[PDB]
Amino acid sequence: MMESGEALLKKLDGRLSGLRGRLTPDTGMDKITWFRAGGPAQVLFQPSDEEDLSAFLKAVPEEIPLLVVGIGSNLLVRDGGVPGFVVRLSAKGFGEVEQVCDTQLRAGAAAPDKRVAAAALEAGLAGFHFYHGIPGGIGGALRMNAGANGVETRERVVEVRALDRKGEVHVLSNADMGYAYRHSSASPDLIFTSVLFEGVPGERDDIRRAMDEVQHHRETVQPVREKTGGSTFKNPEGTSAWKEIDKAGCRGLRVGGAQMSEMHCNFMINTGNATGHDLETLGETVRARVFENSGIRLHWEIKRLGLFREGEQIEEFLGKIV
């Protein structure tokens, strides 16, 4: 049931020597995702700088699956784990946030969104206050077109810099990203390394205000101190997920260690010892009950990921529809 990371590293004898970032086998993905659940990643790699990454992409052959993660705040990992390599870029190497002129910011892809919030305040730049509430990283924001409070990532993105699976650099633009609701059209083999941001200059007392209103909303209406991946499902047109969920009677619904948050019922909470199966079963149990109650088929906003354990597959909607 999944070869160990040892065996992966042993087949890759010598082609990985000369890499400076850490190579950790069999790292649970519960150690690295906000849900605090999931199975083993065969090998975790944490490149030191863009060139450690580029070297590691030139080194690993294409048949081995690669997955890039940031803070793992949008991932539901299954209890069977993730084959191949999992890449989490280094904070020290890819977390820098600096001002370049008077309207623009450059941020490495590992930089937490909240660091880009503070950096814009320290530069008098409006429109970055929505990163103050999103606990993810800038690499996932660019990929998920992350957004809140009526602002999305797409509106502050100037140009993005990435590596492809052959380790060759790509400077891509806001148009190339192909942005939509929680979506980018950029190739999925691309690894974002940094981005150039641009906001309209503004008064700092205002930027504070918006950031304090952003944070007050989070602390008051969302369970953002819990182990969760955030908003489970997209809001259906003309209504909202949490509502259609509460209507189906699902506020507080439990599967094992997983619960639908009684505070905000589009959030799934690991109350301590939830498995990956617990969370995907709750989600698809809610999908099933909301469809039956409203005919609305909910769309996942959290990425499900990895392998089921033997005899532990889950059918979308629990097999009730297809």
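Note that residue numbering begins at 1 and tracks the sequence as displayed.
Averaging only over Cα atoms, indicate whether 235 to 243 or 123 to 131 has the higher B-factor in the PDB entry. It is 123 to 131 that shows the higher mean C-alpha B-factor.
On mean Cα temperature factor in this entry, is 49 to 57 or 280 to 288 the higher one? Taking the mean B-factor of the alpha carbons in each, 49 to 57 is higher.
Among the candidates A110, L76, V158, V82, give the one with the maximum CA B-factor reported in the record. Largest recorded C-alpha B-factor: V158.
Going by the entry, which of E213, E98, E219, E226 has the most elevated CA B factor? Checking the PDB record, the top C-alpha B-factor among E213, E98, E219, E226 is at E98.
Could you place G199 in the lowest, middle or highest third of its chain by Cα temperature factor, using the values in the record? According to the entry, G199 has a C-alpha B-factor in the chain's highest third.
Which third, lowest, middle or highest, does the C-alpha temperature factor of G136 belong to within its own chain? Within its chain, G136 is a lowest-third residue by C-alpha B-factor, going by the deposited values.
With respect to C-alpha B-factor, does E62 fall in the lowest, middle or highest third of the chain as deposited? Answer is highest: the recorded C-alpha B-factor places it there.
Looking at the temperature factor on the CA atom of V68, which third of the chain's modelled residues does it land in? Middle third of the chain for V68's C-alpha B-factor.
Taking the values exactly as deposited, rank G311 by C-alpha B-factor within its chain and report the matching third: lowest, middle or highest. Within its chain, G311 is a middle-third residue by C-alpha B-factor, going by the deposited values.
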